[PDB]
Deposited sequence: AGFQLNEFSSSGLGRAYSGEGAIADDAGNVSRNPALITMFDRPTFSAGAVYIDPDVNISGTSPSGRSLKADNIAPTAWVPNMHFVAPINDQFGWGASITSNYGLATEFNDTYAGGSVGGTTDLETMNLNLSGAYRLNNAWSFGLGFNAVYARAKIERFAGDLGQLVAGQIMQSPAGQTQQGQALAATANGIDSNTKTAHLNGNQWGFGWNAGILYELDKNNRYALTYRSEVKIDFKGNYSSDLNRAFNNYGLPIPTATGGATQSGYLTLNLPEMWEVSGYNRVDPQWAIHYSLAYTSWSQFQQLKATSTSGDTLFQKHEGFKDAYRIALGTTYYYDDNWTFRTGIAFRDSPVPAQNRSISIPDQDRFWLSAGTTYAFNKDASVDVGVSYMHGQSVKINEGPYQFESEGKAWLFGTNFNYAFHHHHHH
């Protein structure tokens, strides 16, 4: 957040989401690349959730003299996931998942000076996916997926100190000399910071598709190109379209040893004019039959000026640092747990009449349970 999320699995969390289009140790990855369906030879289920605990802080002084300070403006969150994939044939398979690829939340007191650009911003999203895949031969697979997205938005803004700003401007102008001018300033200054200035509530569905190609040099090495379509969501509440952006991703996975694999990816996102990319690299330690270990790093760059930035929507250049571990109870069942630390960069924000600074980070903790059907 983002507002884009990667938290589709706890195993992925532990590898900082690196080459997620090319690994297939559990069912979570089919949501990332429907072509991976052909790596599964038996019905496979997975479920869990990621707990996100952000710490995002705003600082600054308004030209009115009011503090623009705001501690801890991003609340914690639970992001659940469920996945299922199952072969139909030696060539065909299918899968289904419930995920969220998008969400954000910021809240300021309704008494905050910068209220007109920072009150309450709440977007929750749920992706429903059905996928199919076709294996052409030993090397090549293709996957196609259909997405139903449910989105719940809540916005409120407030006057903040706007009326104090207007009072300032009026008093400064020649009109500050007149009696009508003073009165008009006083009327503006007298507007409560907590005056509700805006309010939106909406819940809507949108639809999209996604596709993927898998190339396997052999059972230890593979590469993938994936594409997620944009999804548009028209809230008839009150325009008013919310645009979930395209994503392209290239992934690679190298099992360079019975005990070691690496996995990396480049992912690209453009929207609207303003794009972003993410690179990620990680390694997996297949210690033994019971224990697997997991570590990764990532970096995301969306170079957005500063007068295009929002305090209500934090989007900085960020780093991920992750470790994880999978314990398998047997050849059928396992549990993943992931941890990640997410670090933003202190950034300047010039929005409306205000100048802020913003710095954020987050701790992530995830657990998934995996189960494959038809012993063993």
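**Student:** Can you list the gaps, in order, where the deposited sequence has no modelled residues?
**Tutor:** Absent from the structure are positions 239-265, 300-320, 425-427.
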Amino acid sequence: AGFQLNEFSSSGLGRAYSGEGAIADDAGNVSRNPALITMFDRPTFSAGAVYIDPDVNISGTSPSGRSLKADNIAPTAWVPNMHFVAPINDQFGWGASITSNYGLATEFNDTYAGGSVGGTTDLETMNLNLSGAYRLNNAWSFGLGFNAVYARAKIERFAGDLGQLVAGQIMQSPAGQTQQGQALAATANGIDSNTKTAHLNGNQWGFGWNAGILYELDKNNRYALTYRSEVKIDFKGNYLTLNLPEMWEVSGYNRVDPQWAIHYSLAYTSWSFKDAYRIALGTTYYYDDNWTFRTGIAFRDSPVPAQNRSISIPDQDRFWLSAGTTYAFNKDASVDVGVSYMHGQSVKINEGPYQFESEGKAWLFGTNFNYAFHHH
From here on, numbers count along this sequence of modelled residues.
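**Student:** If you average the Cα B factors in the entry, which is higher, 13-21 or 355-363?
**Tutor:** The deposited B-factors put 355-363 ahead on the C-alpha mean.
**Student:** Which is higher on average in the deposited entry, the C-alpha temperature factors of 211-219 or of 283-291?
**Tutor:** Averaging CA B-factors over each stretch, the winner is 283-291.
**Student:** For the listed residues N72, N129, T178, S193, which one has the largest C-alpha B-factor as given in the deposited model?
**Tutor:** When the deposited C-alpha B-factors of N72, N129, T178, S193 are compared, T178 is largest.
**Student:** Going by the CA temperature factor in the entry, name the top one among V231, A96, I170, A267.
**Tutor:** Most elevated C-alpha B-factor of the set, per the entry: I170.
**Student:** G344's Cα B-factor: lowest, middle or highest third of the chain?
**Tutor:** It belongs to the highest third of the chain when residues are ordered by C-alpha B-factor.
**Student:** Sorting the chain's CA B-factors, does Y150 end up in the lowest, middle or highest third?
**Tutor:** Ranked within chain, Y150 CA B lands in the lowest tercile.
**Student:** Going by the CA temperature factor in the PDB record, which third of the chain does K331 belong to: lowest, middle or highest?
**Tutor:** CA B-factor rank for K331: highest third.
**Student:** Based on the deposited C-alpha B factors for this chain, I'd like to know if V166 is in the lowest, middle or highest third.
**Tutor:** As the PDB entry reports it, the C-alpha B-factor of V166 lands in the highest third of its chain.
**Student:** Sorting by Cα B-factor within the chain, modelled residues only, which third would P63 end up in: lowest, middle or highest?
**Tutor:** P63: CA B-factor falls in the highest third of its chain.
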